[PDB]
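Student: need coordinates for the following:
(chains A, B, C and D)
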Amino acid sequence: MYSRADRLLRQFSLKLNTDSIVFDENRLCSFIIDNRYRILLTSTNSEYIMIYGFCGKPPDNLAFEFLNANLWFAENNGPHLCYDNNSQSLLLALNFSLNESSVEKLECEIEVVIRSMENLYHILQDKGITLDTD
Amino acid sequence: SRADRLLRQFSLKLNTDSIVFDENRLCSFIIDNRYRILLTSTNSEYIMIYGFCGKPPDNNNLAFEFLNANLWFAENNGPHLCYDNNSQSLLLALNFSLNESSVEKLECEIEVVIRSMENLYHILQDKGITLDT
Amino acid sequence: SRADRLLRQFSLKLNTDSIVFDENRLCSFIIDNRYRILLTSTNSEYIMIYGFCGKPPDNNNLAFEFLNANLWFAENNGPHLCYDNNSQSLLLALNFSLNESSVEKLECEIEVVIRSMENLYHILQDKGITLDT
Amino acid sequence: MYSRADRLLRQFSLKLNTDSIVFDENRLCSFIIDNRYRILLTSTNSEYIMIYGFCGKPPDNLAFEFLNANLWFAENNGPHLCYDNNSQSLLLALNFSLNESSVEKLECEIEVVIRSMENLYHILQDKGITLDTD
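Tutor: Numbering: from 1, shown residues only, chains lettered A, B, ... in the order given. Below is the structure in question.
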């Protein structure tokens, strides 16, 4: 009766102790980890969930430095560092395959995104250029 | 190879003297006279595949479209579109796992990168911005 | 090494498809926390030893003294003092012949390069121009 | 009765069909190969002859490009590209060891210098910056 994405998210939700974490009518699910990391999940295909970590909006001119940072994530099997036209913000993107998936694997892929977001605010805070909250 | 034997022996001697080293094996080639590929191997866990796309027009705004395109590559389990501050090139970068690996599967991934340069070239052509190759 | 086996196999497959490749083996390390050394091996005849001295002050006249110093290195059978347009560094470069070679003789030549960086540093110190290391 | 440098040069001289090629009182010997390459030989030590190929005087500002060219000669076992304060000119320098030396080896080392001088006017003529005659 439930799609693999919905069942998996239901486990993630209950594990995190809420009913709230669910895909809405556009297949979007947003939440915050540790009052710090803004995670967006999408399931528009039946085979994978996209995991987006919202890094915030870049300062006033930078884009090449972000492309250069993407070398580091590729070399460490991290998410893609992307820029989104809508929210005009940076985000770390990771395709989570639903094949042979468990709630434990989803949390680790979400953790890879969280560590990578922290990795980004580390190439950026000591280097003196900063992304905002909301 | 006489050189590979010498370097391996020398490295082992370095560790012996408590000196850490960085090793890197490189293999570059061009496919169809059009796609520059670089294979690097800096450790026993993975190989990197780099598709050298070419120098981009120094245009900070166009770079924001390169970053935006990483959304499509991410969704499609493709390479990372990135930029090397040394060769001043944009790169399609793909990490190749040594686990359950073979020469067959390495070809398939080099092919994934090649097709990605293929898509990018044909997308930049349509938009009339081509790269210093 | 599983990676070295994979690359060797892949290279042989490339030749098989009539594709020429460029291979390069790199080994870098620091001696006495002071001398950066790079060993490269791009073919079966020789190895290159590069002593990375550091970025020089961009001073076209001081560079003419680097060139002038090549007279002393030449007379003393020493390395080539050169400049890499990529890493923006000056280099002491020494070609190491694979013929009648051993790990012992490779050490001696790396030592010749190291002492040369040693002489250069102590010559630049006295003249109060030191390199971005 | 003759030093190894003098004997060797005597052979080189006779081979080239002249008495003229000889070290003068400052141990300097200058000659031109093929009406094009200006060669200077020195023997102030007993163990080697220095071979200098005179490339001429650099245009008006360059030095880093010459240092970069020196990467190429080191990689190909060539002479050192040097600049000399006196003549204010570039020169290719090669130490020729007198140990196990024959007139045939000297000519090849002189040939390495000549090919390298030609190699230099090739990194320079297609690249649009030129050294003068005398």
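Student: would you list every one of the helices in chain A?
Tutor: A:4-15, A:63-75, A:103-125 (DSSP state H).
Student: burial-wise, tell me which of these comes out on top.
Tutor: helix A:63-75 (a mean of 21; mean count of other C-beta atoms under 10 Å in any protein chain shown). Every C-beta, even on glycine, is put in place using the N, C-alpha and C of the backbone.
Student: related to what we said a few turns ago, nearest approach to chain D belongs to which of the helices of chain A?
Tutor: Nearest to chain D among the helices of chain A is helix A:63-75 (25.1 Å), distances taken as C-beta to the nearest C-beta.
Student: now for the closest one, which elements pack on it?
Tutor: With contacts taken as 3 or more C-beta pairs under 8 Å, 6 or more residues apart in numbering or on different chains; DSSP states H and E, helix A:63-75 sits against strand A:80-84, helix A:103-125, helix B:60-75, strand B:80-84, strand B:89-97.
Student: ok, back up a step: format the helices of chain A as JSON lines; extra columns: distance to residue A:132.
Tutor: JSON lines is the format used below for the helices of chain A (distance: least, C-beta to C-beta, whole Å):
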{"stretch": "helix A:4-15", "distance to residue A:132": "28"}
{"stretch": "helix A:63-75", "distance to residue A:132": "15"}
{"stretch": "helix A:103-125", "distance to residue A:132": "12"}
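Student: looking at those helices, which is closest to residue C:75?
Tutor: Smallest distance to residue C:75 across those (C-beta to C-beta): 43.9 Å, for helix A:63-75.
Student: OK, contacts around the residue lying closest to residue A:129 once chain neighbours are set aside?
Tutor: By the measure of C-beta to C-beta, 6 or more residues apart in numbering or on different chains, the closest residue to residue A:129 outside its immediate chain neighbours is residue A:59, 5.3 Å from it. Applying C-beta atoms under 8 Å, 6 or more residues apart in numbering or on different chains to residue A:59 gives the contacts A:129-131.
Student: just give me the closest of those to chain D.
Tutor: Out of the contacts of residue A:59, the member with the shortest distance to chain D (by C-beta to the nearest C-beta) is residue A:129, at 31.7 Å.
Student: neighbours of the closest one, just the number please.
Tutor: 12 (other C-beta atoms under 10 Å in any protein chain shown).
Student: quick revisit: distance to residue A:2 for the helices and strands packed on helix A:63-75 - can I get that in JSON lines?
Tutor: Converted to JSON lines, the helices and strands packed on helix A:63-75 look like this (distance: least, C-beta to C-beta, whole Å):
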{"stretch": "strand A:80-84", "distance to residue A:2": "29"}
{"stretch": "helix A:103-125", "distance to residue A:2": "14"}
{"stretch": "helix B:60-75", "distance to residue A:2": "23"}
{"stretch": "strand B:80-84", "distance to residue A:2": "34"}
{"stretch": "strand B:89-97", "distance to residue A:2": "32"}
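Student: give the buried residues for stretch A:42-53.
Tutor: A:42-43, A:48-53 (16 or more other C-beta atoms under 10 Å in any protein chain shown).
Student: against residue A:16, how distant is the nearest residue to residue A:94 once chain neighbours are set aside?
Tutor: Residue nearest to residue A:94 in three dimensions, not counting chain neighbours: residue A:79, with 4.1 Å by C-beta to C-beta, 6+ apart. Distance of residue A:79 to residue A:16, computed by C-beta to C-beta, to the nearest Å: 21 Å.
Student: residue A:63 too?
Tutor: Taking C-beta to C-beta, one finds residue A:63 at 35 Å from residue A:16.
Student: so what's residue A:19 up against?
Tutor: residue A:13.
Student: rewinding a little: ok, which of the helices and strands packed on helix A:63-75 comes nearest residue A:5?
Tutor: That would be, of the helices and strands packed on helix A:63-75 and by C-beta to C-beta, helix A:103-125, which comes in at 10.1 Å.
Student: now do that closest one against strand A:37-42, angle only.
Tutor: Relative orientation of helix A:103-125 versus strand A:37-42 (axes from the mean of the first three to the mean of the last three C-alpha atoms, to 10 degrees): 130 degrees.
Student: does anything pack onto helix A:103-125? Which helices or strands?
Tutor: helix A:4-15, strand A:37-42, strand A:48-56, helix A:63-75, strand A:89-97.
Student: ok now it, how far from the chain's centre?
Tutor: Distance, stretch centre to chain centre, for helix A:103-125: 8 Å (C-alpha atoms, centre = their mean, to the nearest Å).
Student: picking up where we left off before, looking at the helices and strands packed on helix A:103-125, which is closest to residue D:72?
Tutor: Nearest of those (C-beta to C-beta): helix A:63-75, 29.0 Å.
Student: now the closest one against strand B:89-97, angle please.
Tutor: 20 degrees.
Student: what's the closest of the contacts of residue A:59 to residue D:4?
Tutor: residue A:129 (67.2 Å).
Student: which outside residues touch stretch A:63-76?
Tutor: Residues contacting stretch A:63-76 (C-beta under 8 Å, 6+ apart): A:58, A:78-81, A:83, A:90, A:92, A:116, A:119-120, A:123, B:48, B:60-61, B:63-64, B:66-67, B:70, B:79-85, B:90-91, B:93-95.
Student: need the CA coordinates for that stretch. PDB is fine.
Tutor: What follows is stretch A:63-76, C-alpha atoms only, in PDB (Å, rounded to 0.1, in the frame of the first residue of the first chain):
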ATOM      1  CA  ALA A  63      31.300  30.900  -8.400                       C
ATOM      2  CA  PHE A  64      34.700  29.500  -9.600                       C
ATOM      3  CA  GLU A  65      35.700  29.000  -6.000                       C
ATOM      4  CA  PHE A  66      32.600  26.900  -5.500                       C
ATOM      5  CA  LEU A  67      33.400  24.900  -8.600                       C
ATOM      6  CA  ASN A  68      36.900  24.400  -7.200                       C
ATOM      7  CA  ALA A  69      35.400  23.300  -3.900                       C
ATOM      8  CA  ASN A  70      33.500  20.700  -6.000                       C
ATOM      9  CA  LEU A  71      36.900  19.000  -6.800                       C
ATOM     10  CA  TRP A  72      37.200  18.200  -3.100                       C
ATOM     11  CA  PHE A  73      33.800  16.600  -2.800                       C
ATOM     12  CA  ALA A  74      34.200  14.500  -6.000                       C
ATOM     13  CA  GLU A  75      37.600  13.300  -4.600                       C
ATOM     14  CA  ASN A  76      36.000  12.400  -1.300                       C
END
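Student: run the chain-centre distance for that stretch.
Tutor: 16 Å.
Student: and if you look at stretch A:6-17?
Tutor: 17 Å.
Student: equivalent analysis for stretch A:13-26, please.
Tutor: Distance, centroid of stretch A:13-26 to centroid of chain: 16 Å (C-alpha atoms, centre = their mean).
Student: having no further points to raise, I will conclude here.
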